[PDB]
């Protein structure tokens, strides 16, 4: 019954980031870079999760484009999946293990 899609939306600016995470719902943010190997390896999992948890909003952020947002959120390892609810970080999953990311989403959705 794949009658519609959910997307992993790319943040354009810091202000869109700030507003998006303010919501009263799980917001999942994949911090990546085009140079990042493990990020590409986990991209497929994150896309699938976005359509597995339609009650959460999924986004991605290119640290080459919004390195400032990355700096404010203390993202260093890559990929980093940051999860927020009501303006507050609720998980910070570091690295490329799909199992941990899945546990974190399931915990917070």
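Positions refer to the first chain, counted from 1.
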**Study point:** Residue stretch of maximal mean CA temperature factor, 8-16 vs 88-96
**Key:** 8-16
Review point. Hey, which bit's got the bigger mean C-alpha B factor in the entry, 73-81 or 51-59?
Key: 51-59
Practice item. Can you pull the Cα B-factors for 66, 29, 46, 36 from the entry and say which is highest? Key: 46
Practice item. Check where residue 106 lands among this chain's C-alpha B-factors and tell me if it's the lowest, middle or highest third. Key: middle
